[PDB]
$ cat entry_8.txt   # compact mmCIF, C-alpha atoms and all ligand atoms
# COMPACT_ATOMS: atom_id res chain seq x y z
CA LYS A 161 0.00 0.00 0.00
CA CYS A 162 0.90 3.66 0.33
CA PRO A 163 3.00 4.64 3.37
CA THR A 164 1.23 5.82 6.55
CA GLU A 165 0.26 9.47 6.85
CA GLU A 166 2.80 9.79 9.64
CA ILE A 167 5.78 8.78 7.48
CA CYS A 168 4.69 11.23 4.78
CA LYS A 169 4.59 14.15 7.24
CA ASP A 170 8.32 13.65 7.81
CA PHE A 171 8.90 14.55 4.14
CA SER A 172 8.64 18.04 2.64
CA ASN A 173 8.28 19.54 -0.84
CA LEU A 174 10.76 21.83 -2.59
CA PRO A 175 9.53 24.64 -4.89
CA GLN A 176 12.74 24.15 -6.91
CA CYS A 177 10.99 21.32 -8.72
CA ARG A 178 8.70 22.54 -11.50
CA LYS A 179 7.37 20.83 -14.63
CA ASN A 186 14.20 15.65 -26.54
CA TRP A 187 16.50 12.59 -26.46
CA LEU A 188 20.00 14.01 -26.04
CA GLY A 189 23.14 12.43 -27.49
CA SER A 190 25.54 14.65 -25.58
CA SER A 191 26.11 15.73 -21.97
CA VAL A 192 26.80 12.05 -21.24
CA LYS A 193 30.13 11.05 -19.61
CA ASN A 194 32.46 9.44 -22.18
CA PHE A 195 29.85 9.80 -24.93
CA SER A 196 32.58 9.01 -27.49
CA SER A 197 33.94 5.90 -25.75
CA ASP A 198 32.30 3.87 -22.95
CA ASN A 199 28.89 5.44 -23.55
CA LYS A 200 28.77 5.87 -27.32
CA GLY A 201 25.15 5.52 -28.32
CA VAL A 202 23.63 6.57 -25.00
CA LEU A 203 20.70 8.97 -25.20
CA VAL A 204 19.53 10.71 -22.02
CA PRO A 205 15.79 10.55 -21.38
CA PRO A 206 14.02 13.96 -21.19
CA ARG A 207 12.71 12.91 -17.75
CA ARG A 208 16.30 12.39 -16.59
CA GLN A 209 17.48 15.72 -18.08
CA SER A 210 14.75 17.32 -16.03
CA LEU A 211 15.12 15.21 -12.86
CA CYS A 212 14.66 17.27 -9.69
CA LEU A 213 17.79 16.73 -7.59
CA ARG A 214 20.64 19.15 -7.09
CA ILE A 215 23.10 19.27 -4.22
CA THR A 216 25.59 22.09 -4.14
CA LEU A 217 28.63 22.70 -1.95
CA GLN A 218 26.44 25.23 -0.20
CA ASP A 219 23.66 22.65 0.46
CA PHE A 220 26.33 20.46 2.00
CA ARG A 221 27.47 23.33 4.25
CA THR A 222 24.02 24.08 5.62
CA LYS A 223 22.52 20.58 5.93
CA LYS A 224 25.61 18.93 7.48
CA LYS A 225 25.13 21.01 10.67
CA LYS A 226 22.21 18.89 11.91
CA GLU A 227 22.27 15.07 11.85
CA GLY A 228 19.81 13.68 9.32
CA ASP A 229 19.12 16.97 7.52
CA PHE A 230 21.21 16.15 4.45
CA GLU A 231 19.42 12.82 4.07
CA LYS A 232 16.04 14.53 4.48
CA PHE A 233 17.08 17.03 1.80
CA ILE A 234 17.54 14.11 -0.57
CA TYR A 235 14.17 12.62 0.49
CA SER A 236 12.50 15.99 -0.12
CA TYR A 237 13.87 16.19 -3.67
CA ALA A 238 12.72 12.63 -4.40
CA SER A 239 9.28 13.48 -3.06
CA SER A 240 9.07 16.60 -5.22
CA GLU A 241 10.25 14.71 -8.31
CA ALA A 242 7.44 12.22 -7.75
CA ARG A 243 4.80 14.88 -7.18
CA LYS A 244 5.94 16.64 -10.36
CA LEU A 245 5.77 13.44 -12.42
CA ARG A 246 2.23 12.69 -11.35
CA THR A 247 1.26 16.30 -12.06
CA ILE A 248 2.66 15.84 -15.59
CA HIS A 249 1.01 12.44 -16.09
CA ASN A 250 -2.19 13.31 -14.20
CA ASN A 251 -4.61 11.41 -16.47
CA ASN A 252 -2.52 8.27 -16.65
CA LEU A 253 -1.74 6.40 -13.47
CA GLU A 254 0.59 3.81 -15.01
CA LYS A 255 2.76 6.17 -17.04
CA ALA A 256 3.08 8.13 -13.80
CA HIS A 257 4.06 5.00 -11.88
CA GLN A 258 6.65 3.97 -14.42
CA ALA A 259 8.16 7.47 -14.62
CA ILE A 260 8.46 7.49 -10.79
CA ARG A 261 10.22 4.12 -10.91
CA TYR A 262 12.65 5.36 -13.57
CA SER A 263 13.45 8.49 -11.52
CA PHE A 264 13.85 6.41 -8.38
CA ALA A 265 16.45 4.28 -10.14
CA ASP A 266 18.14 7.38 -11.50
CA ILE A 267 18.34 8.88 -7.98
CA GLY A 268 20.06 5.62 -7.02
CA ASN A 269 22.83 5.95 -9.63
CA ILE A 270 23.35 9.63 -8.75
CA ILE A 271 23.72 8.87 -5.01
CA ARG A 272 25.96 5.92 -5.81
CA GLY A 273 28.13 8.04 -8.07
CA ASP A 274 27.69 6.20 -11.36
CA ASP A 275 24.96 8.16 -13.13
CA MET A 276 25.87 8.77 -16.83
CA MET A 277 24.95 12.47 -17.08
CA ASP A 278 27.91 14.81 -17.02
CA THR A 279 26.72 17.36 -14.44
CA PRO A 280 27.87 18.64 -11.05
CA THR A 281 25.00 16.90 -9.24
CA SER A 282 25.90 13.57 -10.78
CA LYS A 283 29.58 14.00 -10.03
CA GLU A 284 29.37 15.66 -6.58
CA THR A 285 26.37 14.15 -4.71
CA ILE A 286 28.28 11.03 -3.74
CA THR A 287 31.18 13.10 -2.37
CA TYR A 288 28.88 15.26 -0.20
CA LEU A 289 26.84 12.33 1.16
CA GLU A 290 29.91 10.32 2.08
CA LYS A 291 31.57 13.23 3.88
CA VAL A 292 28.39 13.75 5.96
CA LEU A 293 28.28 10.01 6.77
CA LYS A 294 31.93 10.12 7.88
CA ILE A 295 31.05 12.95 10.25
CA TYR A 296 28.07 11.25 11.90
CA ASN A 297 28.73 7.52 11.50
CA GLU A 298 32.47 7.06 11.98
CA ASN A 299 32.12 5.50 15.43
CA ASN A 300 28.87 3.57 15.05
CA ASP A 301 27.71 0.77 12.72
CA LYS A 302 25.86 3.02 10.26
CA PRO A 303 26.81 3.38 6.55
CA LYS A 304 30.00 5.24 5.66
CA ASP A 305 29.79 4.76 1.90
CA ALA A 306 27.03 5.63 -0.56
CA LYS A 307 26.55 2.08 -1.83
CA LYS A 308 25.66 0.74 1.61
CA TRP A 309 23.63 3.89 2.32
CA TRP A 310 21.49 3.25 -0.78
CA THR A 311 20.89 -0.41 0.18
CA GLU A 312 19.83 0.61 3.68
CA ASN A 313 17.82 3.69 2.73
CA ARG A 314 16.35 3.05 -0.71
CA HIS A 315 13.13 1.94 0.99
CA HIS A 316 12.88 5.36 2.66
CA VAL A 317 13.60 7.07 -0.66
CA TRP A 318 10.76 5.13 -2.24
CA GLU A 319 8.36 6.02 0.58
CA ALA A 320 9.18 9.73 0.02
CA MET A 321 8.35 9.26 -3.66
CA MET A 322 5.03 7.61 -2.86
CA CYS A 323 4.22 10.35 -0.34
CA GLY A 324 5.13 12.78 -3.10
CA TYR A 325 2.99 11.00 -5.69
CA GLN A 326 -0.02 11.02 -3.34
CA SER A 327 0.18 14.79 -2.70
CA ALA A 328 -0.34 15.52 -6.42
CA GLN A 329 -4.02 14.50 -6.41
CA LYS A 330 -4.62 12.37 -3.29
CA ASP A 331 -4.10 9.08 -5.12
CA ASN A 332 -4.60 6.02 -2.93
CA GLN A 333 -2.98 3.67 -5.44
CA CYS A 334 0.72 3.32 -4.66
CA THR A 335 3.08 0.63 -5.95
CA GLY A 336 6.43 -1.01 -5.34
CA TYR A 337 9.47 -0.34 -7.49
CA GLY A 338 10.14 -3.91 -8.54
CA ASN A 339 13.89 -4.22 -8.78
CA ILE A 340 14.14 -1.20 -11.07
CA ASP A 341 17.17 0.31 -9.30
CA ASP A 342 19.19 -2.88 -9.92
CA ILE A 343 18.75 -2.75 -13.70
CA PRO A 344 21.80 -1.20 -15.39
CA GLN A 345 21.06 2.44 -16.18
CA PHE A 346 21.71 2.27 -19.95
CA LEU A 347 19.19 -0.57 -20.17
CA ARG A 348 16.56 1.41 -18.24
CA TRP A 349 16.99 4.40 -20.54
CA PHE A 350 16.78 2.15 -23.59
CA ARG A 351 13.56 0.62 -22.14
CA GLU A 352 12.04 4.04 -21.44
CA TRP A 353 12.80 5.03 -25.03
CA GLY A 354 11.09 1.76 -25.91
CA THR A 355 7.94 2.65 -23.95
CA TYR A 356 7.56 5.94 -25.82
CA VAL A 357 8.47 4.67 -29.27
CA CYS A 358 6.56 1.38 -29.44
CA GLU A 359 3.51 3.38 -28.36
CA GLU A 360 4.09 5.94 -31.11
CA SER A 361 4.71 3.11 -33.56
CA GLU A 362 1.45 1.30 -32.83
CA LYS A 363 -0.53 4.53 -33.00
CA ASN A 364 1.17 5.76 -36.16
CA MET A 365 0.61 2.45 -37.95
CA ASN A 366 -3.11 2.38 -37.17
CA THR A 367 -3.32 5.95 -38.39
CA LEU A 368 -1.40 5.14 -41.57
CA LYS A 369 -3.42 2.01 -42.40
CA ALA A 370 -6.73 3.74 -41.60
CA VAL A 371 -6.00 6.71 -43.85
CA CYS A 372 -4.16 4.91 -46.63
CA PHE A 373 -5.86 1.51 -46.64
CA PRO A 374 -9.51 1.52 -45.44
CA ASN A 390 -5.83 10.64 -51.69
CA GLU A 391 -3.67 13.58 -50.66
CA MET A 392 -4.51 12.83 -47.03
CA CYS A 393 -2.86 9.44 -47.47
CA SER A 394 0.16 11.03 -49.09
CA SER A 395 0.28 13.66 -46.34
CA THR A 396 -0.07 11.00 -43.62
CA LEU A 397 2.71 8.89 -45.12
CA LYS A 398 5.05 11.89 -45.30
CA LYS A 399 4.59 12.53 -41.59
CA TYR A 400 4.90 8.81 -40.82
CA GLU A 401 8.25 8.91 -42.62
CA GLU A 402 9.50 11.89 -40.59
CA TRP A 403 8.55 10.16 -37.33
CA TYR A 404 10.29 7.00 -38.55
CA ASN A 405 13.55 8.70 -39.54
CA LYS A 406 13.74 10.58 -36.22
CA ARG A 407 13.33 7.44 -34.13
CA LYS A 408 15.43 5.31 -36.52
CA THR A 409 18.55 7.41 -35.80
CA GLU A 410 17.92 6.99 -32.09
CA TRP A 411 17.39 3.27 -32.52
CA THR A 412 20.68 3.07 -34.37
CA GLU A 413 22.58 5.02 -31.70
CA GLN A 414 21.17 3.08 -28.76
CA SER A 415 21.81 -0.28 -30.46
CA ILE A 416 25.52 0.60 -30.53
CA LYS A 417 25.67 0.87 -26.74
CA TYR A 418 23.38 -2.15 -26.28
CA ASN A 419 25.49 -4.39 -28.52
CA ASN A 420 28.81 -3.27 -27.05
CA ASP A 421 27.72 -3.91 -23.47
CA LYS A 422 25.43 -6.96 -23.66
CA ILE A 423 28.46 -9.30 -23.65
CA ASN A 424 28.77 -8.73 -19.91
CA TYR A 425 25.28 -10.02 -19.02
CA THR A 426 24.79 -13.75 -19.32
CA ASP A 427 21.04 -13.56 -19.90
CA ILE A 428 20.95 -10.99 -22.71
CA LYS A 429 24.32 -11.53 -24.48
CA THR A 430 22.70 -13.45 -27.36
CA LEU A 431 19.72 -11.10 -27.66
CA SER A 432 19.44 -8.38 -30.31
CA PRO A 433 18.27 -4.92 -29.23
CA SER A 434 14.78 -5.65 -30.56
CA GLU A 435 14.62 -9.02 -28.77
CA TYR A 436 15.63 -7.28 -25.57
CA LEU A 437 12.77 -4.79 -25.74
CA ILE A 438 10.31 -7.39 -26.99
CA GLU A 439 11.05 -10.15 -24.49
CA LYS A 440 12.57 -8.38 -21.49
CA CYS A 441 10.70 -5.14 -21.08
CA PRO A 442 7.30 -5.79 -19.42
CA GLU A 443 6.49 -2.08 -19.29
CA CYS A 444 7.34 -1.55 -23.02
CA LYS A 445 4.51 -2.95 -25.17
CA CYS A 446 7.01 -3.53 -27.96
CA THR A 447 6.13 -6.20 -30.51
CA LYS A 448 7.59 -7.81 -33.62
CA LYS A 449 5.13 -5.74 -35.68
CA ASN A 450 5.59 -2.34 -34.01
CA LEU A 451 9.34 -2.50 -33.30
CA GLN A 452 11.18 -5.29 -35.05
CA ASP A 453 9.39 -5.05 -38.40
CA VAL A 454 9.66 -1.26 -38.35
CA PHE A 455 13.18 -0.57 -37.17
CA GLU A 456 15.22 -3.67 -38.02
CA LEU A 457 14.63 -4.45 -41.72
ZN ZN B 501 1.24 0.97 -11.27
ZN ZN B 502 6.64 10.84 -19.22
ZN ZN B 503 33.02 16.16 -18.48
ZN ZN B 504 11.05 4.79 5.91
$ encode --input "entry_8.txt" --output "structure tokens" --more "lines below"
Ligand SMILES: [Zn+2]
Ligand SMILES: [Zn+2]
Ligand SMILES: [Zn+2]
Ligand SMILES: [Zn+2]
Amino acid sequence: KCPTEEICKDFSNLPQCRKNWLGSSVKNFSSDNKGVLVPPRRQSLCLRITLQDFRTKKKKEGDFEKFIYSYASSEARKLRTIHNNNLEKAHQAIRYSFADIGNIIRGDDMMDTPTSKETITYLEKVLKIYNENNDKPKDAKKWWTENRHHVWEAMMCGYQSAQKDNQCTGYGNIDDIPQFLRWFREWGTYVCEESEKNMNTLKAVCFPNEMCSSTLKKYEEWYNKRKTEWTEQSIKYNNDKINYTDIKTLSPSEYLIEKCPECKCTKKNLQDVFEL
């Protein structure tokens, strides 16, 4: 279920958080991460910790952590405000941001930004200050393992404040899925949806004069835009799949067709369209 009303009170919103696929501003975009496209949701993710945030929040035990929780809660609220007429898109976007918050905290998020580079260093310094003589986490990896449940509660409390939803959810194991795969999947959820809709539209108009020709022209523009992105992301997918025993023999289309339950990608709307 949703978390108790008590737990939610302990979290707070941040007015900093208000409401395409980018092939740059990724670390090592020409080497390790060639082919990686950053989701628009990630580019817009509400979480920034500055040297100055570190200075203020470190002064009281637990405040820096709560500052993180607050951002996570605001990110969730924002996402449900964006996807207000669609519960499940909202849920999946929250999950994706939750996982992204994980990589940021753990210091291996792919975006080349100060927040992505610096958050781990600030968290770990604070944990040294307060936990160096007890049994509590002193590194960000253990912190995440021990506190990810709290982070998720803050997101659900956030999601509920958008429009008093009573339908919360768990996060599956989303945060354990390699980030490049999650981004590829999220691309998948947008594109396979476009693809199914665009096909129906094309068939309907062209195969029940100029409207057909006009429809096909737009269908082509959509196709070429996504085809470049498909091509880029397949480079990363194919380079890195060798390291995972259960996808190493799968093509990029097979990955999204067979191993992305949120995707709705099919042979007809993905494989037949994008892979010749
Ligand atoms: Zn759901
Ligand atoms: Zn969205
Ligand atoms: Zn750089
Ligand atoms: Zn908790």
$ atom_distance --input "entry_8.txt" --atom1 "CA of residue 333 (chain A)" --atom2 "CA of residue 253 (chain A)"
8.6 Å
$ closest_residue --input "entry_8.txt" --among "A:318, A:189, A:309, A:275" --to "residue 297 (chain A)" --atoms "all atoms listed in the file"
A:309
$ closest_atom_pairs --input "entry_8.txt" --of "chain A" --to "ligand ZN 502 (chain B)" --cutoff "10 Å" --atoms "only C-alpha atoms and all ligand atoms" --output "tab-separated table"
residue	atom	partner	partner_atom	distance
A:205	CA	B:ZN502	ZN	9.4
A:206	CA	B:ZN502	ZN	8.3
A:207	CA	B:ZN502	ZN	6.6
A:245	CA	B:ZN502	ZN	7.3
A:246	CA	B:ZN502	ZN	9.2
A:248	CA	B:ZN502	ZN	7.3
A:249	CA	B:ZN502	ZN	6.6
A:252	CA	B:ZN502	ZN	9.9
A:255	CA	B:ZN502	ZN	6.5
A:256	CA	B:ZN502	ZN	7.0
A:257	CA	B:ZN502	ZN	9.7
A:258	CA	B:ZN502	ZN	8.4
A:259	CA	B:ZN502	ZN	5.9
A:260	CA	B:ZN502	ZN	9.3
A:262	CA	B:ZN502	ZN	9.9
A:352	CA	B:ZN502	ZN	9.0
A:355	CA	B:ZN502	ZN	9.5
A:356	CA	B:ZN502	ZN	8.3
$ residues_near_ligand --input "entry_8.txt" --ligand "ligand ZN 503 (chain B)" --cutoff "8 Å" --atoms "all atoms listed in the file" --output "NGL selection string"
:A and (191-194 or 278-279)
$ residues_near_ligand --input "entry_8.txt" --ligand "ligand ZN 504 (chain B)" --cutoff "9 Å" --atoms "only C-alpha atoms and all ligand atoms" --output "list in words"
residues 163, 167, 313, 314, 315, 316, 317, 318, 319 and 320 of chain A
$ closest_residue --input "entry_8.txt" --among "A:223, A:272, A:261, A:294" --to "ligand ZN 501 (chain B)" --atoms "all atoms listed in the file"
A:261
$ residues_around --input "entry_8.txt" --residues "residue 176 (chain A)" --least-positions-apart "4" --cutoff "10 Å" --atoms "all atoms listed in the file" --output "PDB file with C-alpha atoms, in the frame of the given file"
ATOM      1  CA  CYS A 212      14.660  17.270  -9.690  1.00  0.00           C
ATOM      2  CA  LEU A 213      17.790  16.730  -7.590  1.00  0.00           C
ATOM      3  CA  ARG A 214      20.640  19.150  -7.090  1.00  0.00           C
ATOM      4  CA  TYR A 237      13.870  16.190  -3.670  1.00  0.00           C
ATOM      5  CA  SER A 240       9.070  16.600  -5.220  1.00  0.00           C
ATOM      6  CA  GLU A 241      10.250  14.710  -8.310  1.00  0.00           C
TER       7      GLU A 241
END
